[PDB]
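Peer 1: First the structure, which I've put down as structure tokens, then a few questions once you've had a look.
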Protein chains: 4
Amino acid sequence: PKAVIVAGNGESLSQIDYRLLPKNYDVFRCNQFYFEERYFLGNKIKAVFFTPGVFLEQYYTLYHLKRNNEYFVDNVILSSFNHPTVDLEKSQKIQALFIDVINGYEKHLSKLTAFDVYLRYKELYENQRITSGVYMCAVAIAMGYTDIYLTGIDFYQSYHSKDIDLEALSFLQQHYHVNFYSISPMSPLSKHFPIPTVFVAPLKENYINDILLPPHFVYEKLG
Amino acid sequence: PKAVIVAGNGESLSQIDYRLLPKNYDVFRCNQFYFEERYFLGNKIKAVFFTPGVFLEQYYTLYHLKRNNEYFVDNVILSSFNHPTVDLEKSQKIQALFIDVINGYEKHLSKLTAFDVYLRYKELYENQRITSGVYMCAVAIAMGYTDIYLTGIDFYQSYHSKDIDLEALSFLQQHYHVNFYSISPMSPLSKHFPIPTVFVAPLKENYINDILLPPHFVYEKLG
Amino acid sequence: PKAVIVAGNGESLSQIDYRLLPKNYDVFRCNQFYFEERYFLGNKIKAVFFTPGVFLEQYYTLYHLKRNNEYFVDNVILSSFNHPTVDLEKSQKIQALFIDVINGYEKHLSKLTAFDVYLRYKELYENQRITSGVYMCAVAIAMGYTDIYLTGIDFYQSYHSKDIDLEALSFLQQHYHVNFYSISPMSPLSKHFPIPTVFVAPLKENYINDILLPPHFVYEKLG
Amino acid sequence: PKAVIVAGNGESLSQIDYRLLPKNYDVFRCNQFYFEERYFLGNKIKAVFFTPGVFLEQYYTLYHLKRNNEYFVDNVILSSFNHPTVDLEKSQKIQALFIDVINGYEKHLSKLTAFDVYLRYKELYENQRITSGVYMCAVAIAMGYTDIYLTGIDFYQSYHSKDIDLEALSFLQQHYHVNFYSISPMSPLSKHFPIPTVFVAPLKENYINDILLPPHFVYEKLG
């Protein structure tokens, strides 16, 4: 479509001004998005992102959440760079077990050649990496979206730093001609991106607020 | 076609009412189907299923049976799930030796996405597996058949249980809109599926009633 | 085309009756075909066959022979069955080194399904194998030829025997409808195939009559 | 196009007669081309060649050179023969790390069958190899160029010798019908190729005249 809202797990997720939101939009979530005490962005999620480091404990929890009718997730995307020095073999191991998991690099992240070369050089020769928030923005750019509203990204309120996250965002702004907006006025991110021009979150009860663990025999068969 | 009869090795195979059979149909057999003392379903078989656990002793016996003109088999199908934790490597080893063996998962079982995801989750996180009877029904559904007549399935008269076999059958009934019928009135299976609305088996003599074993040197070259 | 002459290294190669040869034909040779003391079949060869067991010492000798203008070879074919228990890995090793070598099984021998299944079963369960003469006939059948004139095959004047070579030839006669002829009246092969209905070989001088050996350092780099 | 100038790192690179150059042409460079004290051939390079033996220290240096706006390189080509005994695995390792590196053999050098067979035989059975200058000429021939002007090739002023470099050049002259020219009258190469029928290089200041080395932790992650 045209508009998409990407959200992180920062402390500014609860300070969203709902007068700046567009009419039609999609929501992207990642990692421990189910720790919310309120439904800040509803229960409809276009896509979710899980890192290869912890994936078995996340798929099980997502299955349990979807079984109890708490969220309506459409896609599951693995946040892998397919680089030989970090997660090349683990991505193959994960993909050999599941069939409904979409690999991010092969499908969306490989279509940005300059950004891919930049990231690979910085990973190989400088030991620097981007967070999940920039990964979601890159995937949204690669999927055709043009308006990206950022929230919940507080810029870390040793690979990850603030000189690579800000430099990568400016790289995508200059090379692919997309618009970035901030919907949290008090967030430090608003100092770099313009506020757009001009609803109480319902409470959650008896919800799951911890990551579930698979039984003991699950690890035995994988080892 | 439209109708197909799937048969197991249960004790109710000899108690079939032949007034309920349709006009044109195909027969599916599996495992030690040649231990019959009578020709309950004739000598024409559309397809046969062999598990990867014991396959070398089965192909040899099937070759000997077909050489002596006792059965007329058309296809041989390997009952493999292609899951890394059970039979992923053994299936490749078997397929590297024979060229006339059809892999079930790649050809028929991979076209049912929801059923495949359900089975993979239950295998990975709960240690539960389905029997060959449900595998044959799933393959028949995936091959275009609409009427499936079950027989010889007595529901086990530790992976296999009666809460996964019955749950999988209901899953296929709800999701793919197929009809299941039981042709053994005294079988416990008739309590869950309707009896359809309204011939002596010839005796077998000097037949093979035991699984044949390859010579000793066959195992040496494989090890 | 239509006619092809296949020749072995037997003692009946020097007893060919040249009145029975057709007008236009092709010649197939194999193994140590350059040990002839006379040019029995000329110096034009359509294809040559080398076994994977000894191939490095044969390619070098063939290169030296072609450099000195003694034979005019068109194709080089590797006589591999691609079976995991005999020469599966060695064929890949050979093909990784040379680019002008044609693999026989992948190109010609895989298009005869019944013959392939028969050979694989006999190899796996009975320890029986065919010689190069039957391999050349099968390849000629698979390449479209219809008239095959056999010579130099004296039927061994422990895998190889006379109950598999004769049984394989009858298998190809019955299943693919080809004509076999013998051009050596005194050969024992004429007792099984009909003689067709109704030229001094030039001498060879200062020729190569032994298989050449590569230098010592060639084996070091391969080990 | 039609014309291309290939240059080496010999001592005759500074003795080029600029009256013999054509109007429109492309320049090929290789290895330590950035050690020039003057801009002999400008700062525009169509393609560059790096050997697999030292590649990590070259990509980093090329990136630093391009960042400082000293050269304008278009393509980077890996000079690999894809032969199992020299650089088959190292080429795969290099290609698994970078995405903007073009493999020479797969793209350009595999389209010359006779030359490839000649090179493979000489490598396998005689321990002889060609230099980078002949590799660049072969790639230029395979890319459609017809006029090739050689410079900086002083013919080594133990695999490499002067009986393989001269024999390979004559092989390409006879088999592919291309024209070779020499633009350095005093070079020994002019004795074998005709001089064509009938500008001060600017000085370089504060330039990089040594190969840069990656940090210590780069080697740790690769080992």
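Chain lettering (A, B, ...) mirrors the order of the structure tokens, residue numbering begins at 1 for each chain separately, and ligand numbering begins at 1 in order of display.
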Distance table requested - chain B against chain C, cut-off 9 Å, only C-alpha atoms: one row per qualifying residue with the closest atom pair and its distance in Å to one decimal, ordered by chain and rising residue number, as JSON lines.

Peer 2:
{"residue": "B:60", "atom": "CA", "partner": "C:125", "partner_atom": "CA", "distance": 8.1}
{"residue": "B:96", "atom": "CA", "partner": "C:84", "partner_atom": "CA", "distance": 7.1}
{"residue": "B:97", "atom": "CA", "partner": "C:84", "partner_atom": "CA", "distance": 7.0}
{"residue": "B:98", "atom": "CA", "partner": "C:120", "partner_atom": "CA", "distance": 7.4}
{"residue": "B:99", "atom": "CA", "partner": "C:117", "partner_atom": "CA", "distance": 7.1}
{"residue": "B:100", "atom": "CA", "partner": "C:117", "partner_atom": "CA", "distance": 7.4}
{"residue": "B:214", "atom": "CA", "partner": "C:125", "partner_atom": "CA", "distance": 7.2}
{"residue": "B:215", "atom": "CA", "partner": "C:125", "partner_atom": "CA", "distance": 7.8}
{"residue": "B:217", "atom": "CA", "partner": "C:125", "partner_atom": "CA", "distance": 8.8}
{"residue": "B:218", "atom": "CA", "partner": "C:125", "partner_atom": "CA", "distance": 6.5}
{"residue": "B:221", "atom": "CA", "partner": "C:85", "partner_atom": "CA", "distance": 7.0}
{"residue": "B:222", "atom": "CA", "partner": "C:85", "partner_atom": "CA", "distance": 7.6}

Peer 1: Compile the contact shell of residue 119 in chain A as a VMD selection string: residues with an atom at most 9 Å away, counting only C-alpha atoms, same-chain residues fewer than 3 positions apart removed.

Peer 2: chain A and resid 114 to 116 122 to 124 128 to 130 168

Peer 1: How would the residues just chosen look if you wrote them out with C-alpha atoms as a PDB file, in the first residue's frame?

Peer 2:
ATOM      1  CA  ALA A 114      23.785  -0.671  -2.527  1.00  0.00           C
ATOM      2  CA  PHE A 115      22.362  -1.071   0.982  1.00  0.00           C
ATOM      3  CA  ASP A 116      23.330  -4.754   1.013  1.00  0.00           C
ATOM      4  CA  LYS A 122      30.482  -2.665   7.610  1.00  0.00           C
ATOM      5  CA  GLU A 123      29.832  -6.107   9.111  1.00  0.00           C
ATOM      6  CA  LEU A 124      33.006  -7.673   7.707  1.00  0.00           C
ATOM      7  CA  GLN A 128      28.976  -3.045  13.249  1.00  0.00           C
ATOM      8  CA  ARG A 129      25.371  -4.203  12.947  1.00  0.00           C
ATOM      9  CA  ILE A 130      21.902  -2.680  12.708  1.00  0.00           C
ATOM     10  CA  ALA A 168      21.649   3.702   7.732  1.00  0.00           C
TER      11      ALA A 168
END

Peer 1: Please, which residues of chain C, numbered as in this document, come out helix (DSSP H, G or I) from DSSP, as a VMD selection string?

Peer 2: chain C and resid 11 to 14 33 to 35 56 to 67 88 to 97 104 to 107 109 to 111 113 to 126 132 to 142 162 to 176 188 to 191 216 to 221

Peer 1: With distances taken over only C-alpha atoms, which residue among A:43, A:51, A:9, A:170 lies nearest residue 73 in chain A?

Peer 2: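 Among the listed residues, the smallest separation from residue 73 in chain A belongs to A:43.
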